[PDB]
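These notes are about the structure you will find just below.
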Number of protein chains: 2
Amino acid sequence: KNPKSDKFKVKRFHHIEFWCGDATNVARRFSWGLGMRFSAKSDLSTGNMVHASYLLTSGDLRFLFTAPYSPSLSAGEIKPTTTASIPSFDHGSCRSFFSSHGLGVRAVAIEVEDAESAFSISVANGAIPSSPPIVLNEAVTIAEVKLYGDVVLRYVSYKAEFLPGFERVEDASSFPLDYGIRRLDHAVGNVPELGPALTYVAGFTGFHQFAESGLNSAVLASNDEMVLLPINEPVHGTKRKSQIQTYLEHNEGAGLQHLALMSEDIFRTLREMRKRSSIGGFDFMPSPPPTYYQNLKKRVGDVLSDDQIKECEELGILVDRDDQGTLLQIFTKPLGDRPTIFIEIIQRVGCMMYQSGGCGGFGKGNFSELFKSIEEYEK
Amino acid sequence: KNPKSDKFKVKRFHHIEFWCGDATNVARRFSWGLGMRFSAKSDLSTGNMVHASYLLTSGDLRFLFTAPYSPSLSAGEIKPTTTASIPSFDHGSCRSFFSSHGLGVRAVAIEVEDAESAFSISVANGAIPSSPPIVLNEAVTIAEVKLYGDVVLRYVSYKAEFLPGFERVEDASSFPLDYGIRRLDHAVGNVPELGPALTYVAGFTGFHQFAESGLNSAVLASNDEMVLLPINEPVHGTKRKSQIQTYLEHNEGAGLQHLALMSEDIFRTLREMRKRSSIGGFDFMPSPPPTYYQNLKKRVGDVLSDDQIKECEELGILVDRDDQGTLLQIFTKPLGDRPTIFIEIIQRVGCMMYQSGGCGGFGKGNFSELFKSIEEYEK
Ligand SMILES: Nc1ccc(CC(=O)C(=O)O)cc1
Ligand SMILES: Nc1ccc(CC(=O)C(=O)O)cc1
Ligand SMILES: [Co+2]
Ligand SMILES: [Co+2]
């Protein structure tokens, strides 16, 4: 049931912005770890005296890393005369965010038909404004509203290259890494209370609900369900403490928990990333025990060959299936010092019409199948 | 002329500690960029609720990356009950340092015979105390005094493995990278006024002076001249603005400008690092024009073959020579967002007795030779 109730025209995920203490080191680690190319920059070398911002791209995935310079470099400026390429940026907000949360996602950015109208309509419908719409070089409009915690939903719209004042980075500094990642599939928030968070966000977007865990969840989706925003809350009382509660504690409250990155070939992606785990890239969660992969034949031997099922097992991939498609997924260990944000790599198979959004779900069945796997391996 | 006036027994450089906003991402970038192995950790997984600290090693070089957790994780603790492995660590100091300076060196650590005596004697001789001596698990004593800006000189002494409460990292997470770097040769500070800085530091250590630039400098050395601490001040009025003044502006004052890392084979090191420049490692300063390498034969054709001189030119290595030894050197671009700290890779040839410290100097003659090179290449 898709009521198609978006209160404004949403297109697709546009970029994710990390607020960093040092954008250079985070962007370089991510580039090597995820196989993303340095695409654009806005920093001192481009006249930005306010923040250093580095854009990595892989397919349609856009990861932006931003850190503040010393405020002294821009002490003379005012908002009308700012050299910041992202006018929403604030030194105090950025430093406060990073000291409070550590490395994390500041903005989930979605492309819309008209960012001014999206902001207007959202705020008229309960959205807490974060940064009013501003037009950049008469070409791009950007506006921000609070999403949850200190994470903003960022609207971007183009009348008609990332953002004005960003420059394309030199080919000598841009090595064409590509491990197969292609787009952002969904971005997941953790909140203390799911009900109020859902009511707030679905309230101002018109996004619709998309049809001992330690958590409860729900997924908000745009009209074509290409912008998917799951939200988790903890469940208290479990024997094992809720991973959402640990997140909230270590993050100092609500924030973005994981980014799901769609791969055009998850096996190549996971081979390429696992090769680099101990040489500056990302670690992955412990693999499921071989019991899990034996039980895979009875569940998805329809969709995957035994050769491909054993390829999952060597890479530690998880597999789930809806009533419509199959989901291949795996999770990294936390991206930085705190047990907060991590990445999920996914590939979806089925639901060809192009592929419809959410095909195969989000792996909810892998909770049950994993604990059953824990019991069979112990035996 | 070496008066051998150390007021306490100094051994050798022990480690360099970076204060980070996220230690994980900086440590991983550095590991891959410099070919340093993850050696030890102190973080949540080791019971440290205060700071995440990661130790990279290459030979005798020890790079430590530290970042604060949320103070809430340790809100119940007091200094007597702290889970911090580095008792000098302070959340407020660390956050203030990183918001003020960005990514930078907090501590230059030297091993001494008795850290308590070194602190006592230093403070009795004008050193501004930073952290009083503390004994760790009856095994290691650590104390800190101000060096310049917010950089501390850290004394470490062992009665008799990095520090108590650090754990050796699992071999699966420790890939044996090695590009040939072996030890810290010197650590360089930038200050607004060289005179007072020298007087202060030489005052409390007894270290002796080691015998249009835009700067003035001087090198303080321990008794055997294995601990070398150069200090720069700007020279105002130059046509091209002083790089020391730019440092001071972007760093918000005095701090560590560069770390010189000795390589057992600078050609292998520079090949390995340059391979990784655009895939998450470090960039290098622009090479000197081929004029410079032609003029190399007339200056060091004694010490290096023409095959090795052309190997310098492809890697962009600089060469200088004292009256005693030859110095091979190259500089990275800044390590993070701000034009502040960078790394120098060096190899020294000559002065065998082991090799005496400072053999070949520090490249001071490469200022003159470089501008003469600029003039000949233009012709
Ligand atoms: N119950 C539940 C439903 C959906 C999600 C979304 C998601 O992306 C993930 O968990 O990987 C999470 C939990
Ligand atoms: N004049 C002068 C003398 C020594 C140094 C020390 C050093 O390490 C470097 O410059 O690379 C710097 C400048
Ligand atoms: Co997910
Ligand atoms: Co040097």
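In the structure tokens, each chain is lettered A, B, ... as it comes, each chain's residues begin at 1, and ligands are numbered from 1 in order of appearance.
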Could you please select, counting only C-alpha atoms, the residues of chain B within 6 Å of chain A and state them as a ChimeraX atom specification?
/B:21-22,24-26,28-29,32,173,175,278-280,336-337
Taking a cut-off of 12 Å and counting only C-alpha atoms and all ligand atoms, can you build a table that, for each residue of chain B near ligand 4, reports the nearest atom pair and how far apart they are in Å (one decimal), sorted by chain then residue number, as a tab-separated table?
residue	atom	partner	partner_atom_place_in_ligand_line	distance
B:184	CA	ligand 4	1 (Co)	10.8
B:185	CA	ligand 4	1 (Co)	8.5
B:186	CA	ligand 4	1 (Co)	6.8
B:187	CA	ligand 4	1 (Co)	7.6
B:188	CA	ligand 4	1 (Co)	6.9
B:189	CA	ligand 4	1 (Co)	10.3
B:190	CA	ligand 4	1 (Co)	11.9
B:217	CA	ligand 4	1 (Co)	10.9
B:218	CA	ligand 4	1 (Co)	11.4
B:219	CA	ligand 4	1 (Co)	10.2
B:228	CA	ligand 4	1 (Co)	10.0
B:229	CA	ligand 4	1 (Co)	9.7
B:230	CA	ligand 4	1 (Co)	7.9
B:231	CA	ligand 4	1 (Co)	10.1
B:232	CA	ligand 4	1 (Co)	10.7
B:256	CA	ligand 4	1 (Co)	11.5
B:257	CA	ligand 4	1 (Co)	9.3
B:258	CA	ligand 4	1 (Co)	6.9
B:259	CA	ligand 4	1 (Co)	7.2
B:260	CA	ligand 4	1 (Co)	5.6
B:261	CA	ligand 4	1 (Co)	9.0
B:262	CA	ligand 4	1 (Co)	10.5
B:318	CA	ligand 4	1 (Co)	11.6
B:320	CA	ligand 4	1 (Co)	11.6
B:327	CA	ligand 4	1 (Co)	10.3
B:328	CA	ligand 4	1 (Co)	10.7
B:329	CA	ligand 4	1 (Co)	8.1
B:330	CA	ligand 4	1 (Co)	9.0
B:331	CA	ligand 4	1 (Co)	8.5
B:332	CA	ligand 4	1 (Co)	11.4
B:341	CA	ligand 4	1 (Co)	11.8
B:342	CA	ligand 4	1 (Co)	10.0
B:343	CA	ligand 4	1 (Co)	8.5
B:344	CA	ligand 4	1 (Co)	6.1
B:345	CA	ligand 4	1 (Co)	8.5
B:346	CA	ligand 4	1 (Co)	8.3
B:347	CA	ligand 4	1 (Co)	11.2
B:348	CA	ligand 4	1 (Co)	12.0
B:358	CA	ligand 4	1 (Co)	10.2
B:360	CA	ligand 4	1 (Co)	11.3
B:361	CA	ligand 4	1 (Co)	8.9
B:362	CA	ligand 4	1 (Co)	5.4
B:363	CA	ligand 4	1 (Co)	7.1
B:364	CA	ligand 4	1 (Co)	8.9
B:366	CA	ligand 4	1 (Co)	11.2
Strand (DSSP E) per DSSP on the backbone: members of range 184-294 of chain A, as an MDAnalysis selection string
chainID A and resid 184:190 208:209 215:221 228:234 255:263
Preceding selection exported with C-alpha atoms as a CSV table (one decimal), in the first residue's frame:
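Contents of the output file out.csv:
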chain,number,residue,atom,x,y,z
A,184,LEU,CA,22.8,5.1,-1.5
A,185,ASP,CA,20.0,2.7,-0.9
A,186,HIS,CA,18.8,3.9,2.5
A,187,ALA,CA,20.0,6.0,5.5
A,188,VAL,CA,19.1,4.9,9.0
A,189,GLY,CA,18.5,6.9,12.1
A,190,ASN,CA,18.5,5.8,15.7
A,208,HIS,CA,4.8,6.8,3.8
A,209,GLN,CA,5.6,3.8,5.9
A,215,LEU,CA,14.9,-2.6,18.7
A,216,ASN,CA,11.7,-1.5,16.9
A,217,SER,CA,11.8,0.0,13.4
A,218,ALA,CA,9.9,1.5,10.6
A,219,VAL,CA,10.9,2.8,7.1
A,220,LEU,CA,9.7,6.1,5.6
A,221,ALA,CA,9.6,6.2,1.8
A,228,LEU,CA,14.2,5.3,2.1
A,229,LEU,CA,14.7,6.5,5.7
A,230,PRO,CA,14.4,3.7,8.3
A,231,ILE,CA,14.3,4.7,12.0
A,232,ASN,CA,15.3,2.7,15.1
A,233,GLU,CA,14.4,2.9,18.7
A,234,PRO,CA,15.8,0.7,21.5
A,255,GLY,CA,21.8,10.3,15.0
A,256,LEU,CA,22.4,8.4,11.8
A,257,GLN,CA,23.2,4.8,12.5
A,258,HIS,CA,24.1,3.3,9.1
A,259,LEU,CA,24.3,4.1,5.4
A,260,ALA,CA,23.3,1.3,3.0
A,261,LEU,CA,25.4,1.4,-0.2
A,262,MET,CA,24.1,-0.5,-3.2
A,263,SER,CA,26.7,-2.4,-5.2
With only C-alpha atoms as the counted atoms, please give the residues lying no more than 12 Å from residue 378 in chain B, apart from itself and same-chain residues fewer than 3 positions off, as a PDB file with N, CA and C atoms, in the first residue's frame.
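Output below, filename selection19.pdb:
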ATOM      1  N   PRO B 289      62.923  21.359 -10.127  1.00  0.00           N
ATOM      2  CA  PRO B 289      63.027  21.251 -11.587  1.00  0.00           C
ATOM      3  C   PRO B 289      64.289  20.506 -11.985  1.00  0.00           C
ATOM      4  N   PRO B 290      64.305  19.877 -13.167  1.00  0.00           N
ATOM      5  CA  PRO B 290      65.451  19.025 -13.535  1.00  0.00           C
ATOM      6  C   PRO B 290      66.790  19.747 -13.503  1.00  0.00           C
ATOM      7  N   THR B 291      66.801  21.076 -13.637  1.00  0.00           N
ATOM      8  CA  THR B 291      68.014  21.846 -13.383  1.00  0.00           C
ATOM      9  C   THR B 291      68.674  21.412 -12.080  1.00  0.00           C
ATOM     10  N   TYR B 292      67.867  21.249 -11.026  1.00  0.00           N
ATOM     11  CA  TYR B 292      68.389  20.904  -9.711  1.00  0.00           C
ATOM     12  C   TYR B 292      69.153  19.588  -9.746  1.00  0.00           C
ATOM     13  N   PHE B 371      66.465  28.037  -5.151  1.00  0.00           N
ATOM     14  CA  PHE B 371      66.154  29.253  -5.893  1.00  0.00           C
ATOM     15  C   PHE B 371      67.110  29.448  -7.067  1.00  0.00           C
ATOM     16  N   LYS B 372      68.385  29.083  -6.901  1.00  0.00           N
ATOM     17  CA  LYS B 372      69.280  29.014  -8.054  1.00  0.00           C
ATOM     18  C   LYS B 372      68.734  28.053  -9.103  1.00  0.00           C
ATOM     19  N   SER B 373      68.147  26.938  -8.660  1.00  0.00           N
ATOM     20  CA  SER B 373      67.534  26.000  -9.595  1.00  0.00           C
ATOM     21  C   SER B 373      66.350  26.635 -10.313  1.00  0.00           C
ATOM     22  N   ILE B 374      65.525  27.388  -9.583  1.00  0.00           N
ATOM     23  CA  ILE B 374      64.392  28.072 -10.205  1.00  0.00           C
ATOM     24  C   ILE B 374      64.877  28.997 -11.318  1.00  0.00           C
ATOM     25  N   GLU B 375      66.022  29.655 -11.106  1.00  0.00           N
ATOM     26  CA  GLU B 375      66.528  30.614 -12.085  1.00  0.00           C
ATOM     27  C   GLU B 375      67.096  29.915 -13.318  1.00  0.00           C
TER      28      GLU B 375
END
Near-residue 126 in chain B list (7 Å; only C-alpha atoms; drop same-chain fewer than 4 positions) as a VMD selection string
chain B and resid 122 200 203 to 204
Where in range 310-344 of chain A does DSSP assign alpha helix (DSSP H), given as a list in words?
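Restricting range 310-344 of chain A to alpha helix (DSSP H) produces residues 310, 311, 312, 313, 314 and 315 of chain A.
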Residues near range 128-134 of chain B, cut-off 6 Å, only C-alpha atoms, skip fewer than 3 positions along chain, as a PyMOL selection string:
chain B and resi 88+116+141-146
Might you pull out every residue within 9 Å of residue 270 in chain A, with only C-alpha atoms counted and same-chain residues fewer than 2 positions away left off, and present them as a PyMOL selection string?
chain A and resi 179+265-268+272-275+315-317+330+345
Would you put the residues from that selection into a file with C-alpha atoms, as an mmCIF file, in the first residue's frame?
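The result, written out as result27.cif:
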data_model
loop_
_atom_site.group_PDB
_atom_site.id
_atom_site.type_symbol
_atom_site.label_atom_id
_atom_site.label_comp_id
_atom_site.auth_asym_id
_atom_site.auth_seq_id
_atom_site.Cartn_x
_atom_site.Cartn_y
_atom_site.Cartn_z
ATOM 1 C CA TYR A 179 34.885 -1.431 -6.076
ATOM 2 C CA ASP A 265 28.333 -6.572 -7.808
ATOM 3 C CA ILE A 266 28.460 -7.185 -4.067
ATOM 4 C CA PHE A 267 30.953 -10.030 -4.418
ATOM 5 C CA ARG A 268 33.501 -7.811 -6.170
ATOM 6 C CA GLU A 272 37.929 -5.416 -2.822
ATOM 7 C CA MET A 273 36.978 -4.021 0.619
ATOM 8 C CA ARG A 274 38.101 -7.088 2.586
ATOM 9 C CA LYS A 275 41.488 -6.948 0.885
ATOM 10 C CA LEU A 315 32.901 -13.100 2.089
ATOM 11 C CA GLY A 316 30.569 -13.363 5.085
ATOM 12 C CA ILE A 317 27.580 -12.011 3.150
ATOM 13 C CA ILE A 330 26.909 -7.194 4.987
ATOM 14 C CA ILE A 345 26.835 -2.943 1.536
#
